[PDB]
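Q: How does the following fold in three dimensions:
(chains A and B)
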Amino acid sequence: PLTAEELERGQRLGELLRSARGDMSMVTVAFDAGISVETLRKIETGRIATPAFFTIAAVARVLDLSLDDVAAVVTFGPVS
Amino acid sequence: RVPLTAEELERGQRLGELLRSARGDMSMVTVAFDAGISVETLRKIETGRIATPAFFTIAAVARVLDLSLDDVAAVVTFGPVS
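A: Numbering: from 1, shown residues only, chains lettered A, B, ... in the order given. Shown next is the protein structure:
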């Protein structure tokens, strides 16, 4: 089973990505990243137990986010 | 079975090669221990034998290796090719 601290990070991750998407459409982000809307939806909502590195890397690219920044706040929470 | 695409396998292999080069002379056991994974997992990652490497695993290994994930992600393409 996934750990408590693992499902927390999932939620943190999804919230960060959703925020970065802002008003951009889910369809356009998914197309530019090469993933499904379903996957993107699941990630944004924290429903994926272990998201794939290349999935997060692709979304981050499209959304102009640093992966190092992403990693830091999944594992530690956002500020403040 | 869902097969990988040529592009997926190749990205996995590039990622593995980059992590292996970053490890350099450092011990696989030490890397695996500090990242919180098995040597078997690190071996498979380094040699491109994991079908879908997990974000949190790659992040942990990169941190141990003082390697920036942005620098690593830079070697690949995502999306329309064009």
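Q: what residues does chain A put near chain B?
A: Neighbours of chain B within chain A, by CB under 8 Å from any CB of the partner chain: A:6, A:9, A:13, A:31-34, A:50-58, A:60-62, A:66-68, A:70-71, A:74-75. (C-beta placed from N, C-alpha, C; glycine too.)
Q: how about the helices in chain A?
A: A:4-21, A:26-33, A:37-44, A:53-63, A:67-76 (DSSP state H).
Q: deepest of these, which one?
A: Greatest average neighbour count among the helices of chain A goes to helix A:53-63 (a mean of 23), per mean count of other CB atoms under 10 Å in any protein chain shown.
Q: for that one, packing partners?
A: helix A:4-21, helix A:26-33, helix A:37-44, helix A:67-76, helix B:6-23, helix B:55-64, helix B:69-73 (3 or more CB pairs under 8 Å, 6 or more residues apart in numbering or on different chains; DSSP states H and E).
Q: Extract the C-alpha set from the first one and format it as CSV.
A: What follows is helix A:4-21 as a C-alpha-only set of coordinates in CSV (Å, rounded to 0.1, in the frame of the first residue of the first chain):
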residue,chain,number,x,y,z
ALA,A,4,0.3,8.5,4.3
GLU,A,5,3.3,10.8,3.5
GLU,A,6,3.1,9.4,-0.1
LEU,A,7,-0.5,10.4,-0.6
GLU,A,8,0.1,13.8,0.9
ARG,A,9,2.8,14.5,-1.6
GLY,A,10,0.4,13.4,-4.4
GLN,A,11,-2.1,16.0,-3.3
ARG,A,12,0.7,18.7,-3.0
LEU,A,13,1.9,17.8,-6.5
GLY,A,14,-1.6,17.9,-8.1
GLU,A,15,-2.4,21.2,-6.4
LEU,A,16,0.8,22.8,-7.7
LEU,A,17,0.2,21.6,-11.3
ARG,A,18,-3.4,22.7,-11.3
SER,A,19,-2.4,26.2,-10.1
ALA,A,20,0.3,26.4,-12.8
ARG,A,21,-2.3,25.5,-15.4
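Q: Now do that helix against helix A:53-63, angle only.
A: 30 degrees (axes from the mean of the first three to the mean of the last three CA atoms, to 10 degrees).
Q: for the fifth one, same thing?
A: Following the same axes, to 10 degrees, one obtains 100 degrees for the angle between helix B:6-23 and helix A:53-63.
Q: likewise the fourth one?
A: With the same axes, to 10 degrees as the criterion, the two stretches helix A:67-76 and helix A:53-63 enclose an angle of 120 degrees.
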